[PDB]
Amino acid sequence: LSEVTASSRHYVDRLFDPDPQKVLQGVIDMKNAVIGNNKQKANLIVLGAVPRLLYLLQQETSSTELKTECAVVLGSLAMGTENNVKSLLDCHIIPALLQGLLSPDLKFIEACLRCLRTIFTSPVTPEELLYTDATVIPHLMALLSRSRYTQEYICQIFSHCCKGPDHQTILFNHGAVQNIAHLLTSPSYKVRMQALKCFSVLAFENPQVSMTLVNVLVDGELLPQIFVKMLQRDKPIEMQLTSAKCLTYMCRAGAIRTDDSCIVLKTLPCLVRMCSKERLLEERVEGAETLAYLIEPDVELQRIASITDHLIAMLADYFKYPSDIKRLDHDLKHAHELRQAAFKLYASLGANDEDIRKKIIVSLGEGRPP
């Protein structure tokens, strides 16, 4: 490791200072020292700052300011390497943060939830820890709608830690769909985005939840009506793609009909707009694969898609060379993903109609099949 120098030790020592004012300023200086330095994070974790910080956040005498600043620093350490997250987990930070979530003060709750978000988002953290203690999910649900930060953080934690049907149903029984639906009308886009993500992963292959989503009412509008608005071009591209995913999944589960207006006039047209040359490579791959997921079961959708906004022409441009230098290198390295996506959509488009396969064969290269 990098040698530990007197500066780092002085930061950790100032926490043990006898004057409370000096301790508070020491934790503040510690937060300002780990902003960009992952090495400073590692040095302070090895010097034992995390146990002391947790103790200072546990004390009854500690002011709300000191508790908030200590939680902030603990989150800043969790923003570093995976080794740091493992060290913080080994110091039992999640239990302490869960006790901190019992606080009335909102800023302190936000700091603890920010730390929990970074931890649960990190790969080294097992998702089962979220469900190992049954009371944490109800407690998080209760805090879901106190601030935009609680909404965003708890949505991120849930969306990253759902993991499919079993504990997805655990989350559902605690009122996930009803409590998270209201966030889609929030004045904060960051919230509205994250809620969307929660729904997309929550309804991927769970027909039961999809049906529930069809009848959920948020601010006088049925939830699919909110999704359709989030397909509009004025909205950000992410918002659109994710909305389309939700609807396609709801359509695949049976909650929405393949002949429904939201699918043929909004969702599918939106997905072809994701396949344009102007779109990013990742967006083209996801739009194409999601459209293939949508159109695979129904022949009528396949035909409609084949005649929508020169889709088969745009797909041909997946095989053409790109036309910011790091993005260009990234697009030449990941071009295989784009070509593979094009073939997935071709396979779904031409599954039942030979004339569509003839159209694609002609589009992919010069020459007409016999």
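Heads up: residue numbers just count along the shown sequence, starting at 1.
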Between neighbours residue 324 and residue 323, residues that the deposited sequence lists but the model omits
4 to 9
Entry B factor averaged over C-alpha atoms, 289-297 against 204-212: higher for 204-212
Pick between 129-137 and 144-152: the one whose mean CA B-factor in the entry is higher.
129-137
Highest Cα temperature factor in the entry, among the options 260, 283, 90, 110: which one is it?
90
Looking at 236, 269, 224, 164, which has the biggest Cα B factor in the entry?
164
Going by what the PDB entry lists, where does residue 118 fall on CA B-factor within its chain: lowest, middle or highest third?
middle
Residue 172 by Cα B-factor - lowest, middle or highest third of the modelled chain
highest
Quick check on the deposited entry: does the C-alpha B-factor of residue 217 sit in the lowest, middle or highest third of its chain?
middle
Residue 229, C-alpha B-factor rank within chain (lowest, middle or highest third)
lowest
Would you please rank residue 194 by its C-alpha temperature factor against the other modelled residues of its chain and give the third it falls in: lowest, middle or highest?
middle
